[PDB]
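Okay, structure first, notes after.
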Amino acid sequence: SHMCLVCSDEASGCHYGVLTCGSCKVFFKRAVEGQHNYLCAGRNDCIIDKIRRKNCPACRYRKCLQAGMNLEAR
Amino acid sequence: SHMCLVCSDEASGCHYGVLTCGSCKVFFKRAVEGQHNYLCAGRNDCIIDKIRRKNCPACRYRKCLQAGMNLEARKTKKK
DNA sequence: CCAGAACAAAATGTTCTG
DNA sequence: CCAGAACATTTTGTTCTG
Ligand SMILES: [Zn+2]
Ligand SMILES: [Zn+2]
Ligand SMILES: [Zn+2]
Ligand SMILES: [Zn+2]
């Protein structure tokens, strides 16, 4: 397709198994490797789009996983 | 009290007219000196505590405004 | 073309100085 | 005590290298 499946910015290729942009790729790797235990400040349903992808690591990461991102993709 | 009224961290003094920590103080000064065209990803009531104050500058700024913060606070107090 | 590194920028937080 | 500044860290994002 065309746009990132996590944040709807334009995607840069298939990363960790899913079409995504560069920032989401590294965010996802950092999230998993850092074990940050992110906590949403709203209702676990934050809108994650181009401007607001910084707004909630908990929801962004959740949206990553739901899109099927995984580190040992291939 | 001595906890920040914006985020409930340890307040460090009365800054721009309200008990706040140093981080909220400078966050507000910066929001006020420049642009604060932020956008909330939830429902404009995000919970602002020590860790999550980073998540939503839109709501963090709102809770500063709502607490009465203003730059001329200290000068107005001397009047 | 992609993962991870390395570099860079944005955003946040702390100590210094008037 | 508290303002702004200066210094410092964190967080996110882009380009480079394997
Ligand atoms: Zn993305
Ligand atoms: Zn959220
Ligand atoms: Zn605070
Ligand atoms: Zn918010």
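The figures that follow rest on heavy atoms only: side chains count, while hydrogens, waters and symmetry mates do not. A, B, ... follow the sequence lines: proteins, then strands. Residue 1 opens every chain.
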Does the sign of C1'-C2'-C3'-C4' make the C/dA3 sugar north or south? south
How would you summarise protein contacts on nucleotides 2-14 of chain D per nucleotide, using B for base, S for sugar-phosphate only and - for none, with heavy-atom distances below 4.0 Å? BSB-----SSBB-
Any ion pair linking A/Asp49 and A/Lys63 (charged N to carboxylate O, less than 4.0 Å)?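 Answer for the salt bridge query: no.
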Between A/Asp45 and A/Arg62, does any side-chain N to carboxylate O distance fall below 4.0 Å?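 No.
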Does some side-chain heavy atom of [Y] sit less than 4.5 Å from a side-chain heavy atom of [X]?
X	Y	answer
B/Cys4	B/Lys25	no
B/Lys29	B/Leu71	yes
A/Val6	A/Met69	yes

Does NZ or CZ of B/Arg53 fall inside the cone over B/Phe27's six-membered ring, less than 6.0 Å from its centre and within 45° of the axis?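 No, B/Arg53 and B/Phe27 do not form such a contact.
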May I ask you to check whether A/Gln35 and A/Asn37 show a side-chain donor-acceptor distance below 3.5 Å? no
Test item: side-chain donor near acceptor, A/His2 and A/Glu10, under 3.5 Å: yes
Where each pair must be Watson-Crick or G-U wobble with both distances under 3.5 Å, what dot-bracket representation of DNA chain C is obtained, with crossing pairs in [ ] and other-strand partners as |? .|||||||||||||||||
Length of the line joining B/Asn55:CG and C/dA11:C1', which is rounded to integer Å: 13 Å
